[PDB]
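Remarks on the structure that follows.
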Amino acid sequence: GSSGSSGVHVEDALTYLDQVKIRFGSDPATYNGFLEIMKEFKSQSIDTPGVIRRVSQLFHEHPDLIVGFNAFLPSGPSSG
Numbered sequence: 001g002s003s004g005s006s007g008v009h010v011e012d013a014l015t016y017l018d019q020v021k022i023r024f025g026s027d028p029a030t031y032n033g034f035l036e037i038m039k040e041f042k043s044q045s046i047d048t049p050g051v052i053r054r055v056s057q058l059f060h061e062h063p064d065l066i067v068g069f070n071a072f073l074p075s076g077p078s079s080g
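So for the sequence shown, the deposited numbering puts the first residue at 1; every next one is plus one.
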């Protein structure tokens with residue numbers, strides 16, 4: 001058929017988080033860098049478009065993840 005799971009409940013943040021760990025299981029070095037990248041944002045150091053710059057480079061070998069996140073993100077042009 002086709003691999004795909006539609007319908008994401010509100011609380012859909014950690015979801016993408018874990019995925020990063022699973023994909024980069026044998027490669028902990030990659031995951032680590034990601035953890036730090038977040039901190040920056042959690043410290044009011046970078047902005048939405050700022051965290052993406054770091055991620056991109058990190059998941060450079062994974063274009064599917066870099067793009068997936070963008071959309072995945074809850075925030076957007078949607079009401080609110």
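Note that CB positions come from ideal geometry on N, CA and C, so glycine has one too.
With burial defined as no fewer than 16 other Cβ atoms inside 10 Å of the residue's Cβ, what is the status of residue i: buried or exposed?
{"i": "residue 55", "result": "buried"}
{"i": "residue 20", "result": "buried"}
{"i": "residue 65", "result": "buried"}
Do you know how far the Cα of residue j is from the Cα of residue i?
{"i": "residue 78", "j": "residue 9", "result": "15 Å"}
{"i": "residue 3", "j": "residue 32", "result": "28 Å"}
{"i": "residue 44", "j": "residue 26", "result": "31 Å"}
{"i": "residue 28", "j": "residue 22", "result": "10 Å"}
Among the residues of its own chain, which have a CB less than 8 Å from the CB of residue i, if the five just before and after it don't count?
{"i": "residue 58", "result": "30, 33, 34 and 37"}
Short check: CB of residue i to CB of residue j, under 9 Å?
{"i": "residue 40", "j": "residue 51", "result": "yes"}
{"i": "residue 6", "j": "residue 48", "result": "no"}
Just to confirm my understanding: we take residue i, look at its own chain, exclude 5 residues before and 5 after, and list those with CB closer than 7 Å. What are they?
{"i": "residue 12", "result": "74"}
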